[PDB]
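J.:
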Ligand SMILES: [Zn+2]
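Chains as they are written, first to last, in the authors' numbering: chain B, 1 to 29; chain A, 1 to 29; chain B', 1 to 29; chain A', 1 to 29. A prime marks a further copy of an entry chain.
1. When you compare the CB of residue 21/A' with every CB in chain B, is at least one pair closer than 8 Å?
2. For ligand 1, is there any heavy atom lying closer than 7 Å to the beta carbon of residue 5/A'?
3. Would residue 19/A and residue 1/B be called neighbours here (beta carbons separated by less than 8 Å)?
4. In chain order, what residues have a CB nearer than 7 Å to some heavy atom of ligand 1?
5. Taking just the CA atoms, how far does residue 15/A sit from residue 28/A?
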């Protein structure tokens, strides 16, 4: 899985880069 | 992101297939 | 990268499953 | 598939970034 480790807040996966997922702490990972 | 539509429980991401991740509700997605 | 190893002929990546790519021998990989 | 738009030569897939693969023409893609 490709998820650059850029710190980004999110509500949905579409708020995230690449194949990062929106995790339960409100950040992409 | 490639995450099969297979119902799987998980404690860690490693429990999941492909690029699915372990969500805190206790299932892969 | 997620590429199921199902034998499939191709001309383009869109002929392939998942994140398989169309390789120079004419099969997905 | 996540393959950065970065010009890279390669002898093997391992030479490439992310989910890029080594094409026989000698570049990642
Ligand atoms: Zn991927």
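For each residue, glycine too, the CB sits at the ideal point set by N, CA and C.
T.: Taking the coordinates as given:
1. So no, residue 21/A' is outside the interface.
2. no
3. yes
4. 1/B, 2/B, 19/B, 1/A, 2/A, 19/A, 1/B', 2/B', 19/B', 1/A', 2/A' and 19/A'
5. 8 Å
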